[PDB]
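**Student:** The structure follows.
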There are 4 protein chains.
Amino acid sequence: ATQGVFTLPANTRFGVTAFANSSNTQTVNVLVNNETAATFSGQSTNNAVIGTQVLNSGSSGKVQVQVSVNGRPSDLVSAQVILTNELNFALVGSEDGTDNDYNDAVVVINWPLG
Amino acid sequence: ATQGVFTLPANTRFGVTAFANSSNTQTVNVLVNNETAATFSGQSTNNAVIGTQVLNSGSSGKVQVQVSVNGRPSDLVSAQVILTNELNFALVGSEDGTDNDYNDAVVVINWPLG
Amino acid sequence: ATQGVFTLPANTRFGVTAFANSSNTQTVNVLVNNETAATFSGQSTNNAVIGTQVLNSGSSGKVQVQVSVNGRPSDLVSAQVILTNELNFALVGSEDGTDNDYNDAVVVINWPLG
Amino acid sequence: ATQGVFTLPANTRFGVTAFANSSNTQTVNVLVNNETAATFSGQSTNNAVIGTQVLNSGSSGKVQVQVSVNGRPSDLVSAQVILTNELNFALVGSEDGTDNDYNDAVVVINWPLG
Ligand SMILES: CO[C@H]1O[C@H](CO)[C@@H](O)[C@H](O)[C@@H]1O
Ligand SMILES: CO[C@H]1O[C@H](CO)[C@@H](O)[C@H](O)[C@@H]1O
Ligand SMILES: CO[C@H]1O[C@H](CO)[C@@H](O)[C@H](O)[C@@H]1O
Ligand SMILES: CO[C@H]1O[C@H](CO)[C@@H](O)[C@H](O)[C@@H]1O
Ligand SMILES: [Ca+2]
Ligand SMILES: [Ca+2]
Ligand SMILES: [Ca+2]
Ligand SMILES: [Ca+2]
Ligand SMILES: [Ca+2]
Ligand SMILES: [Ca+2]
Ligand SMILES: [Ca+2]
Ligand SMILES: [Ca+2]
């Protein structure tokens, strides 16, 4: 199944933050309406924040997280969770290797802000 | 029901990261085995990463998040989600006022690391 | 925080299923737009299905689950999860006693159907 | 990533319940410690509970859900959620066609029981 794709309310500001847990340098691209809106990269085996930004979901509401290492797309896992019918988390993990820890790049999207 | 309390695997490294979305300065306390292990603070209405830290879950694995605004405890909402039976997120939202957006301090705990 | 309240897409069919794990008979009310849409009653300490019903979210999209024993409201916990940006679960637990297992009546709402 | 596989605590009672939403007959097999422990079959486009059962996770705690339509495995999506650090749901969706509603067989595992 498709992973790392989320439908947000239109024209809504959301937060996106990425962490790294890998010997490989991670590249995280955040797409809004199929176009790269933010790119984060870095390397850490200690959950270092490799990027954070506030973006706008625009008129499509379509937000996609892609993770790549040495040009090769990582395998993604994702889900959305809503707390008290108000607070949204869109969560992404990724695997770049063979140990299947799925934490090599971790991405957290949250809304609403403000 | 109790919120912001999570049982992690014992003696395990986890990341804890806090975001602020309020006019009030937020104070986030992270307790490990009922003792304060980290404290983050900041003020933003634009999802500032007011703190992030790697901690060890200790002997019991009990991790608790508490949020306050100048000594006044905020109301908490929380859940844990596990992706591909491997990647864990413990999620916390909090409300310091009356608009019930529950984003005033958002806390994300993730494991495993490395 | 308010629990057991969910916003569904308008005019959408959804399934609601209730399980019992308590010595007390559980009374489960499902409200749609603040009015009774379904009521289940049953007792089991072995996860028996005490009700299942296909409902329509109608014009409001507001769905609320209430659980009580002899008219006294149980404490609720709830969250919504979305898989592959398509499949929705609205989940509810309830506690009618002191042991805090939160399973006394468990309610699962799922959509889309068909 | 692997989907539909969950590690439960060893020797724990759990409920498993399968719903059908497809023109095709669904077969749901539930494996514990790699051995079929329950099997449900049925066709519905109205969220019929094609089976529910109570099982024990045994010494391994390994539970796997498989879904097939006349001998072809459906594509699975899954996640586990925990509310108030106590109530667990292991959730499975599956797709047997092209529309990607991922509801063709839906399986919900819940614990604790009693
Ligand atoms: C050395 O192992 C680390 O780096 C590899 C990539 O080389 C990851 O897949 C693995 O999970 C570890 O984080
Ligand atoms: C002014 O409104 C903002 O600040 C208050 C606290 O004063 C929050 O509760 C609210 O959600 C907004 O973030
Ligand atoms: C006897 O214990 C059972 O019934 C009570 C209600 O009396 C529940 O609260 C409890 O979790 C058990 O299911
Ligand atoms: C006719 O459409 C229905 O049946 C097909 C399988 O034939 C499913 O994939 C689809 O989601 C619908 O439930
Ligand atoms: Ca890895
Ligand atoms: Ca890793
Ligand atoms: Ca608020
Ligand atoms: Ca706020
Ligand atoms: Ca109870
Ligand atoms: Ca009970
Ligand atoms: Ca389908
Ligand atoms: Ca279907």
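Ligands are numbered from 1 in the order shown, chains are lettered A, B, ... in the order of the structure tokens, and residues start at 1 in each chain.
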Present chain A as a tab-separated table (two decimals) with N, CA, C and O atoms, in the first residue's frame, least-squares fitted onto chain D over all of its C-alpha atoms paired in order.
**Tutor:**
chain	number	residue	atom	x	y	z
A	1	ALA	N	7.05	-2.98	3.83
A	1	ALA	CA	7.25	-3.46	5.23
A	1	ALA	C	6.22	-4.54	5.53
A	1	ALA	O	5.13	-4.53	4.96
A	2	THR	N	6.59	-5.45	6.42
A	2	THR	CA	5.65	-6.50	6.90
A	2	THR	C	4.44	-5.86	7.57
A	2	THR	O	4.58	-4.90	8.33
A	3	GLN	N	3.24	-6.37	7.26
A	3	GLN	CA	2.02	-5.84	7.87
A	3	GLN	C	1.21	-7.02	8.41
A	3	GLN	O	1.37	-8.16	7.92
A	4	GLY	N	0.35	-6.73	9.40
A	4	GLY	CA	-0.54	-7.73	9.99
A	4	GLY	C	0.14	-8.66	10.98
A	4	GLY	O	-0.44	-9.66	11.35
A	5	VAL	N	1.36	-8.32	11.39
A	5	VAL	CA	2.09	-9.10	12.41
A	5	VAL	C	2.21	-8.27	13.68
A	5	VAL	O	2.64	-7.11	13.65
A	6	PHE	N	1.84	-8.88	14.80
A	6	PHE	CA	1.84	-8.15	16.09
A	6	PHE	C	2.47	-9.00	17.18
A	6	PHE	O	2.18	-10.19	17.26
A	7	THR	N	3.27	-8.37	18.05
A	7	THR	CA	3.79	-9.03	19.26
A	7	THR	C	2.91	-8.69	20.46
A	7	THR	O	2.79	-7.52	20.86
A	8	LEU	N	2.26	-9.71	21.01
A	8	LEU	CA	1.44	-9.57	22.20
A	8	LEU	C	2.20	-10.09	23.41
A	8	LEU	O	3.18	-10.83	23.26
A	9	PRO	N	1.77	-9.70	24.61
A	9	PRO	CA	2.33	-10.36	25.79
A	9	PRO	C	2.04	-11.86	25.73
A	9	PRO	O	1.00	-12.26	25.19
A	10	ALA	N	2.97	-12.68	26.25
A	10	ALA	CA	2.82	-14.14	26.20
A	10	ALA	C	1.62	-14.62	27.00
A	10	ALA	O	1.24	-14.01	28.02
A	11	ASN	N	1.02	-15.72	26.55
A	11	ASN	CA	-0.05	-16.43	27.27
A	11	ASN	C	-1.23	-15.53	27.64
A	11	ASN	O	-1.78	-15.64	28.73
A	12	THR	N	-1.56	-14.60	26.74
A	12	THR	CA	-2.58	-13.58	26.99
A	12	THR	C	-3.77	-13.81	26.06
A	12	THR	O	-3.60	-14.00	24.85
A	13	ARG	N	-4.97	-13.80	26.64
A	13	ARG	CA	-6.17	-13.90	25.83
A	13	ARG	C	-6.43	-12.60	25.09
A	13	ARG	O	-6.33	-11.51	25.68
A	14	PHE	N	-6.72	-12.71	23.81
A	14	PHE	CA	-7.10	-11.52	23.03
A	14	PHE	C	-8.33	-11.82	22.16
A	14	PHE	O	-8.62	-12.98	21.86
A	15	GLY	N	-9.03	-10.76	21.77
A	15	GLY	CA	-10.19	-10.86	20.87
A	15	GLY	C	-9.76	-10.58	19.44
A	15	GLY	O	-8.92	-9.74	19.19
A	16	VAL	N	-10.33	-11.32	18.50
A	16	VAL	CA	-10.13	-11.03	17.09
A	16	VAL	C	-11.49	-11.10	16.38
A	16	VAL	O	-12.25	-12.07	16.54
A	17	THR	N	-11.79	-10.06	15.62
A	17	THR	CA	-13.07	-9.91	14.93
A	17	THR	C	-12.83	-9.42	13.50
A	17	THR	O	-11.99	-8.54	13.29
A	18	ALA	N	-13.54	-9.99	12.54
A	18	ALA	CA	-13.37	-9.60	11.14
A	18	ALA	C	-14.66	-9.15	10.48
A	18	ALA	O	-15.72	-9.71	10.74
A	19	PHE	N	-14.54	-8.17	9.59
A	19	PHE	CA	-15.68	-7.59	8.88
A	19	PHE	C	-15.38	-7.69	7.37
A	19	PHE	O	-14.21	-7.63	6.97
A	20	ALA	N	-16.42	-7.77	6.54
A	20	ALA	CA	-16.21	-7.82	5.09
A	20	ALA	C	-16.89	-6.66	4.38
A	20	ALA	O	-17.98	-6.23	4.77
A	21	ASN	N	-16.20	-6.12	3.37
A	21	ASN	CA	-16.75	-5.01	2.54
A	21	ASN	C	-16.25	-5.24	1.12
A	21	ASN	O	-15.35	-4.53	0.64
A	22	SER	N	-16.80	-6.25	0.46
A	22	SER	CA	-16.30	-6.65	-0.86
A	22	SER	C	-17.29	-7.53	-1.59
A	22	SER	O	-18.06	-8.26	-0.95
A	23	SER	N	-17.26	-7.49	-2.92
A	23	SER	CA	-18.03	-8.47	-3.72
A	23	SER	C	-17.40	-9.87	-3.60
A	23	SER	O	-18.11	-10.88	-3.70
A	24	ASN	N	-16.08	-9.93	-3.34
A	24	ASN	CA	-15.38	-11.21	-3.17
A	24	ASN	C	-15.58	-11.80	-1.78
A	24	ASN	O	-15.64	-11.06	-0.78
A	25	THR	N	-15.65	-13.13	-1.73
A	25	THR	CA	-15.68	-13.82	-0.44
A	25	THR	C	-14.29	-13.73	0.17
A	25	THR	O	-13.31	-14.12	-0.46
A	26	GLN	N	-14.23	-13.28	1.42
A	26	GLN	CA	-12.96	-13.09	2.13
A	26	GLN	C	-12.61	-14.30	2.98
A	26	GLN	O	-13.50	-14.92	3.58
A	27	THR	N	-11.32	-14.63	3.05
A	27	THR	CA	-10.83	-15.62	4.00
A	27	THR	C	-9.81	-14.96	4.92
A	27	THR	O	-8.81	-14.42	4.43
A	28	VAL	N	-10.10	-14.96	6.22
A	28	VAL	CA	-9.18	-14.38	7.20
A	28	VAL	C	-8.62	-15.53	8.03
A	28	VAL	O	-9.37	-16.27	8.64
A	29	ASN	N	-7.30	-15.67	8.04
A	29	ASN	CA	-6.63	-16.64	8.90
A	29	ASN	C	-5.85	-15.91	9.97
A	29	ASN	O	-5.09	-15.00	9.65
A	30	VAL	N	-6.05	-16.33	11.21
A	30	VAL	CA	-5.33	-15.76	12.34
A	30	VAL	C	-4.33	-16.80	12.83
A	30	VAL	O	-4.72	-17.89	13.31
A	31	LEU	N	-3.04	-16.47	12.71
A	31	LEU	CA	-1.97	-17.39	13.06
A	31	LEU	C	-1.42	-17.04	14.44
A	31	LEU	O	-1.20	-15.87	14.74
A	32	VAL	N	-1.23	-18.05	15.27
A	32	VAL	CA	-0.55	-17.88	16.55
A	32	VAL	C	0.66	-18.82	16.52
A	32	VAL	O	0.51	-20.02	16.24
A	33	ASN	N	1.84	-18.26	16.75
A	33	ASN	CA	3.11	-19.01	16.63
A	33	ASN	C	3.24	-19.70	15.27
A	33	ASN	O	3.61	-20.88	15.20
A	34	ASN	N	2.92	-18.96	14.20
A	34	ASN	CA	3.02	-19.44	12.81
A	34	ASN	C	2.07	-20.58	12.38
A	34	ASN	O	2.21	-21.13	11.29
A	35	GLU	N	1.09	-20.86	13.23
A	35	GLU	CA	0.13	-21.93	12.98
A	35	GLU	C	-1.27	-21.37	13.01
A	35	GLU	O	-1.59	-20.56	13.88
A	36	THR	N	-2.11	-21.80	12.07
A	36	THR	CA	-3.48	-21.27	11.98
A	36	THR	C	-4.30	-21.61	13.22
A	36	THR	O	-4.52	-22.79	13.53
A	37	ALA	N	-4.72	-20.55	13.93
A	37	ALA	CA	-5.46	-20.70	15.18
A	37	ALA	C	-6.96	-20.46	15.01
A	37	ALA	O	-7.76	-20.97	15.80
A	38	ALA	N	-7.33	-19.64	14.02
A	38	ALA	CA	-8.75	-19.34	13.72
A	38	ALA	C	-8.87	-18.97	12.24
A	38	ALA	O	-7.94	-18.41	11.67
A	39	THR	N	-10.00	-19.32	11.63
A	39	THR	CA	-10.28	-18.97	10.23
A	39	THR	C	-11.71	-18.43	10.13
A	39	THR	O	-12.65	-19.05	10.66
A	40	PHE	N	-11.86	-17.26	9.52
A	40	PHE	CA	-13.18	-16.63	9.33
A	40	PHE	C	-13.39	-16.44	7.85
A	40	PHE	O	-12.45	-16.15	7.13
A	41	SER	N	-14.61	-16.61	7.38
A	41	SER	CA	-14.88	-16.34	5.97
A	41	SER	C	-16.31	-15.88	5.77
A	41	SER	O	-17.18	-16.19	6.58
A	42	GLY	N	-16.52	-15.11	4.71
A	42	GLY	CA	-17.88	-14.62	4.40
A	42	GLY	C	-17.82	-13.53	3.35
A	42	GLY	O	-16.74	-13.15	2.88
A	43	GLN	N	-19.00	-13.05	2.95
A	43	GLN	CA	-19.05	-12.02	1.93
A	43	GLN	C	-20.13	-11.01	2.31
A	43	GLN	O	-21.24	-11.41	2.68
A	44	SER	N	-19.80	-9.72	2.20
A	44	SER	CA	-20.75	-8.65	2.50
A	44	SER	C	-20.18	-7.39	1.93
A	44	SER	O	-18.96	-7.22	1.94
A	45	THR	N	-21.05	-6.50	1.47
A	45	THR	CA	-20.63	-5.17	1.08
A	45	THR	C	-21.16	-4.18	2.14
A	45	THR	O	-21.20	-2.97	1.91
A	46	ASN	N	-21.60	-4.72	3.27
A	46	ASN	CA	-22.25	-3.95	4.34
A	46	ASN	C	-21.59	-4.13	5.71
A	46	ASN	O	-22.26	-4.00	6.74
A	47	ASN	N	-20.29	-4.41	5.72
A	47	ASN	CA	-19.51	-4.48	6.96
A	47	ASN	C	-19.98	-5.59	7.92
A	47	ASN	O	-19.86	-5.45	9.13
A	48	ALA	N	-20.56	-6.66	7.37
A	48	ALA	CA	-21.02	-7.77	8.20
A	48	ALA	C	-19.87	-8.42	8.95
A	48	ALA	O	-18.78	-8.59	8.40
A	49	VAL	N	-20.10	-8.77	10.21
A	49	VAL	CA	-19.10	-9.54	10.97
A	49	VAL	C	-19.02	-10.95	10.41
A	49	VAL	O	-20.02	-11.67	10.40
A	50	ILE	N	-17.84	-11.33	9.91
A	50	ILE	CA	-17.67	-12.66	9.32
A	50	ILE	C	-17.04	-13.65	10.29
A	50	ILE	O	-16.94	-14.84	9.99
A	51	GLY	N	-16.65	-13.16	11.46
A	51	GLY	CA	-16.12	-14.02	12.50
A	51	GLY	C	-15.63	-13.24	13.70
A	51	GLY	O	-15.22	-12.08	13.58
A	52	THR	N	-15.71	-13.87	14.86
A	52	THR	CA	-15.14	-13.33	16.10
A	52	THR	C	-14.78	-14.52	16.99
A	52	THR	O	-15.48	-15.55	17.01
A	53	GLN	N	-13.65	-14.39	17.67
A	53	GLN	CA	-13.16	-15.45	18.53
A	53	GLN	C	-12.22	-14.88	19.58
A	53	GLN	O	-11.66	-13.79	19.41
A	54	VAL	N	-12.08	-15.61	20.68
A	54	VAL	CA	-11.07	-15.32	21.70
A	54	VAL	C	-9.98	-16.38	21.59
A	54	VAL	O	-10.26	-17.59	21.62
A	55	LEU	N	-8.75	-15.91	21.45
A	55	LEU	CA	-7.58	-16.79	21.32
A	55	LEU	C	-6.53	-16.48	22.39
A	55	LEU	O	-6.61	-15.47	23.08
A	56	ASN	N	-5.55	-17.38	22.51
A	56	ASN	CA	-4.45	-17.21	23.46
A	56	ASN	C	-3.16	-17.02	22.67
A	56	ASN	O	-2.87	-17.77	21.73
A	57	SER	N	-2.38	-15.99	23.03
A	57	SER	CA	-1.16	-15.64	22.31
A	57	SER	C	-0.04	-16.67	22.48
A	57	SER	O	0.92	-16.66	21.73
A	58	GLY	N	-0.21	-17.56	23.46
A	58	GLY	CA	0.75	-18.64	23.72
A	58	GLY	C	2.14	-18.18	24.12
A	58	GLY	O	2.35	-17.02	24.52
A	59	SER	N	3.11	-19.09	24.01
A	59	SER	CA	4.45	-18.78	24.51
A	59	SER	C	5.28	-17.87	23.58
A	59	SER	O	6.26	-17.26	24.01
A	60	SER	N	4.87	-17.75	22.31
A	60	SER	CA	5.58	-16.86	21.38
A	60	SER	C	5.10	-15.41	21.48
A	60	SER	O	5.87	-14.48	21.28
A	61	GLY	N	3.81	-15.23	21.79
A	61	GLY	CA	3.20	-13.89	21.71
A	61	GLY	C	3.00	-13.40	20.29
A	61	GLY	O	2.46	-12.30	20.09
A	62	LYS	N	3.37	-14.20	19.29
A	62	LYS	CA	3.35	-13.76	17.89
A	62	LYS	C	1.98	-14.03	17.25
A	62	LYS	O	1.55	-15.18	17.16
A	63	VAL	N	1.31	-12.96	16.84
A	63	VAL	CA	0.00	-13.09	16.20
A	63	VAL	C	0.06	-12.49	14.80
A	63	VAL	O	0.53	-11.36	14.63
A	64	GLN	N	-0.40	-13.25	13.81
A	64	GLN	CA	-0.36	-12.77	12.40
A	64	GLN	C	-1.73	-12.92	11.76
A	64	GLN	O	-2.36	-13.98	11.87
A	65	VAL	N	-2.19	-11.85	11.10
A	65	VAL	CA	-3.42	-11.89	10.34
A	65	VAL	C	-3.08	-12.01	8.86
A	65	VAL	O	-2.30	-11.22	8.31
A	66	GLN	N	-3.69	-12.99	8.19
A	66	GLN	CA	-3.55	-13.11	6.74
A	66	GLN	C	-4.93	-13.10	6.11
A	66	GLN	O	-5.87	-13.69	6.66
A	67	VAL	N	-5.05	-12.43	4.97
A	67	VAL	CA	-6.34	-12.32	4.27
A	67	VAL	C	-6.12	-12.76	2.83
A	67	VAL	O	-5.14	-12.36	2.19
A	68	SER	N	-7.03	-13.59	2.34
A	68	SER	CA	-6.92	-14.16	1.00
A	68	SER	C	-8.26	-14.18	0.29
A	68	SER	O	-9.30	-14.32	0.93
A	69	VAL	N	-8.24	-14.01	-1.04
A	69	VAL	CA	-9.44	-14.09	-1.86
A	69	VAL	C	-9.06	-14.96	-3.06
A	69	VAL	O	-8.11	-14.64	-3.77
A	70	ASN	N	-9.83	-16.03	-3.27
A	70	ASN	CA	-9.54	-17.02	-4.35
A	70	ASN	C	-8.10	-17.54	-4.31
A	70	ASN	O	-7.47	-17.75	-5.35
A	71	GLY	N	-7.59	-17.75	-3.10
A	71	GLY	CA	-6.24	-18.26	-2.90
A	71	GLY	C	-5.14	-17.21	-3.02
A	71	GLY	O	-3.96	-17.52	-2.76
A	72	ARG	N	-5.50	-15.99	-3.39
A	72	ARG	CA	-4.51	-14.93	-3.56
A	72	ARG	C	-4.47	-14.01	-2.35
A	72	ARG	O	-5.49	-13.43	-1.97
A	73	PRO	N	-3.30	-13.88	-1.73
A	73	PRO	CA	-3.16	-13.02	-0.56
A	73	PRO	C	-3.48	-11.56	-0.89
A	73	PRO	O	-3.00	-11.04	-1.90
A	74	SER	N	-4.29	-10.91	-0.05
A	74	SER	CA	-4.61	-9.49	-0.25
A	74	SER	C	-3.46	-8.62	0.24
A	74	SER	O	-2.69	-9.06	1.09
A	75	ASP	N	-3.37	-7.39	-0.27
A	75	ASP	CA	-2.38	-6.46	0.28
A	75	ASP	C	-2.87	-5.93	1.63
A	75	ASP	O	-3.98	-5.38	1.71
A	76	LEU	N	-2.02	-6.01	2.64
A	76	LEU	CA	-2.41	-5.61	3.99
A	76	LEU	C	-1.85	-4.25	4.43
A	76	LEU	O	-0.72	-3.86	4.06
A	77	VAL	N	-2.63	-3.57	5.27
A	77	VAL	CA	-2.15	-2.38	6.02
A	77	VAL	C	-2.49	-2.61	7.49
A	77	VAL	O	-3.52	-3.22	7.79
A	78	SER	N	-1.63	-2.16	8.40
A	78	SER	CA	-1.85	-2.44	9.82
A	78	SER	C	-1.13	-1.44	10.71
A	78	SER	O	-0.22	-0.74	10.27
A	79	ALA	N	-1.61	-1.35	11.94
A	79	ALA	CA	-0.93	-0.59	12.99
A	79	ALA	C	-1.46	-1.03	14.34
A	79	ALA	O	-2.54	-1.63	14.45
A	80	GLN	N	-0.70	-0.72	15.39
A	80	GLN	CA	-1.17	-0.95	16.75
A	80	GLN	C	-1.31	0.39	17.47
A	80	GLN	O	-0.46	1.27	17.32
A	81	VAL	N	-2.40	0.55	18.21
A	81	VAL	CA	-2.65	1.78	18.96
A	81	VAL	C	-2.91	1.41	20.41
A	81	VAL	O	-3.64	0.46	20.68
A	82	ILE	N	-2.32	2.17	21.34
A	82	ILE	CA	-2.49	1.95	22.77
A	82	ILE	C	-3.06	3.22	23.40
A	82	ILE	O	-2.49	4.33	23.24
A	83	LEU	N	-4.19	3.05	24.10
A	83	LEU	CA	-4.90	4.18	24.75
A	83	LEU	C	-4.70	4.10	26.26
A	83	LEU	O	-4.75	3.01	26.85
A	84	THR	N	-4.48	5.27	26.86
A	84	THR	CA	-4.20	5.43	28.31
A	84	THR	C	-3.19	4.38	28.86
A	84	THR	O	-3.27	3.94	30.03
A	85	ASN	N	-2.24	4.01	28.00
A	85	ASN	CA	-1.15	3.09	28.33
A	85	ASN	C	-1.64	1.73	28.79
A	85	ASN	O	-0.90	1.00	29.49
A	86	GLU	N	-2.86	1.36	28.40
A	86	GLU	CA	-3.50	0.15	28.91
A	86	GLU	C	-4.23	-0.67	27.83
A	86	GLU	O	-4.19	-1.92	27.85
A	87	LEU	N	-4.97	0.02	26.96
A	87	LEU	CA	-5.90	-0.64	26.05
A	87	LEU	C	-5.27	-0.73	24.66
A	87	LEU	O	-4.88	0.29	24.10
A	88	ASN	N	-5.13	-1.95	24.16
A	88	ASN	CA	-4.45	-2.20	22.89
A	88	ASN	C	-5.41	-2.56	21.76
A	88	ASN	O	-6.28	-3.43	21.93
A	89	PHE	N	-5.22	-1.93	20.61
A	89	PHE	CA	-5.91	-2.32	19.37
A	89	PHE	C	-4.86	-2.67	18.32
A	89	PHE	O	-3.93	-1.86	18.05
A	90	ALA	N	-5.00	-3.84	17.70
A	90	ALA	CA	-4.16	-4.16	16.55
A	90	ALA	C	-5.10	-4.24	15.36
A	90	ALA	O	-6.04	-5.04	15.35
A	91	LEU	N	-4.88	-3.35	14.39
A	91	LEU	CA	-5.85	-3.08	13.34
A	91	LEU	C	-5.28	-3.51	11.99
A	91	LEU	O	-4.13	-3.24	11.70
A	92	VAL	N	-6.11	-4.16	11.17
A	92	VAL	CA	-5.69	-4.61	9.86
A	92	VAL	C	-6.75	-4.26	8.81
A	92	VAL	O	-7.95	-4.47	9.04
A	93	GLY	N	-6.31	-3.69	7.69
A	93	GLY	CA	-7.17	-3.55	6.52
A	93	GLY	C	-6.56	-4.30	5.35
A	93	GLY	O	-5.37	-4.68	5.39
A	94	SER	N	-7.36	-4.56	4.31
A	94	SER	CA	-6.83	-5.35	3.21
A	94	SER	C	-7.48	-4.95	1.89
A	94	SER	O	-8.65	-4.54	1.87
A	95	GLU	N	-6.72	-5.06	0.82
A	95	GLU	CA	-7.18	-4.73	-0.52
A	95	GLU	C	-7.08	-5.96	-1.44
A	95	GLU	O	-6.02	-6.57	-1.57
A	96	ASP	N	-8.20	-6.31	-2.07
A	96	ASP	CA	-8.27	-7.51	-2.89
A	96	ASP	C	-8.38	-7.18	-4.37
A	96	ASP	O	-8.46	-8.08	-5.21
A	97	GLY	N	-8.38	-5.89	-4.68
A	97	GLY	CA	-8.69	-5.42	-6.04
A	97	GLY	C	-7.93	-4.19	-6.44
A	97	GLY	O	-6.73	-4.06	-6.16
A	98	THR	N	-8.64	-3.28	-7.08
A	98	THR	CA	-8.04	-2.15	-7.77
A	98	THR	C	-8.54	-0.79	-7.29
A	98	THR	O	-8.00	0.24	-7.71
A	99	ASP	N	-9.54	-0.77	-6.41
A	99	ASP	CA	-10.11	0.52	-5.96
A	99	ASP	C	-9.41	1.13	-4.74
A	99	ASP	O	-9.68	2.27	-4.36
A	100	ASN	N	-8.54	0.34	-4.12
A	100	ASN	CA	-7.70	0.81	-3.00
A	100	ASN	C	-8.50	1.45	-1.87
A	100	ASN	O	-8.07	2.47	-1.31
A	101	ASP	N	-9.65	0.86	-1.54
A	101	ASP	CA	-10.37	1.26	-0.33
A	101	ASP	C	-9.85	0.54	0.94
A	101	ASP	O	-10.11	0.98	2.05
A	102	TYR	N	-9.11	-0.55	0.77
A	102	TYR	CA	-8.44	-1.28	1.88
A	102	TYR	C	-9.38	-1.75	3.01
A	102	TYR	O	-8.95	-1.94	4.15
A	103	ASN	N	-10.66	-1.94	2.68
A	103	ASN	CA	-11.66	-2.34	3.68
A	103	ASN	C	-12.25	-3.72	3.35
A	103	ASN	O	-13.21	-4.16	4.01
A	104	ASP	N	-11.70	-4.40	2.32
A	104	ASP	CA	-12.33	-5.63	1.79
A	104	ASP	C	-12.48	-6.70	2.87
A	104	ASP	O	-13.54	-7.33	2.98
A	105	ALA	N	-11.44	-6.86	3.67
A	105	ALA	CA	-11.59	-7.49	5.00
A	105	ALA	C	-10.91	-6.58	6.00
A	105	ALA	O	-9.74	-6.17	5.82
A	106	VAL	N	-11.65	-6.24	7.05
A	106	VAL	CA	-11.10	-5.41	8.15
A	106	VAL	C	-11.01	-6.29	9.39
A	106	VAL	O	-11.98	-6.96	9.72
A	107	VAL	N	-9.86	-6.30	10.07
A	107	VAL	CA	-9.71	-7.16	11.26
A	107	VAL	C	-9.28	-6.30	12.46
A	107	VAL	O	-8.37	-5.48	12.34
A	108	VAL	N	-9.96	-6.51	13.59
A	108	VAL	CA	-9.68	-5.79	14.82
A	108	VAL	C	-9.28	-6.83	15.88
A	108	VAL	O	-10.04	-7.76	16.20
A	109	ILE	N	-8.08	-6.65	16.42
A	109	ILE	CA	-7.59	-7.45	17.53
A	109	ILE	C	-7.52	-6.53	18.75
A	109	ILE	O	-7.01	-5.41	18.66
A	110	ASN	N	-8.04	-7.00	19.88
A	110	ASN	CA	-8.04	-6.17	21.08
A	110	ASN	C	-7.66	-6.96	22.34
A	110	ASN	O	-8.03	-8.13	22.51
A	111	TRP	N	-6.89	-6.31	23.22
A	111	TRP	CA	-6.55	-6.91	24.50
A	111	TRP	C	-6.16	-5.76	25.43
A	111	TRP	O	-5.89	-4.64	24.94
A	112	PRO	N	-6.17	-6.00	26.74
A	112	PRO	CA	-6.52	-7.26	27.39
A	112	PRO	C	-8.04	-7.41	27.43
A	112	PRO	O	-8.77	-6.44	27.21
A	113	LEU	N	-8.49	-8.62	27.71
A	113	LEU	CA	-9.91	-8.89	27.91
A	113	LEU	C	-10.16	-9.03	29.42
A	113	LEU	O	-9.25	-8.86	30.25
A	114	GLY	N	-11.41	-9.31	29.77
A	114	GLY	CA	-11.76	-9.61	31.15
A	114	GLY	C	-12.26	-8.41	31.88
A	114	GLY	O	-11.96	-7.24	31.51
**Student:** Please, which residues of chain A, numbered as in this document, come out strand (DSSP E or B) from DSSP, as a ChimeraX atom specification?
**Tutor:** /A:5-7,13-32,35-56,62-69,72-73,75-83,87-95,103,105-111
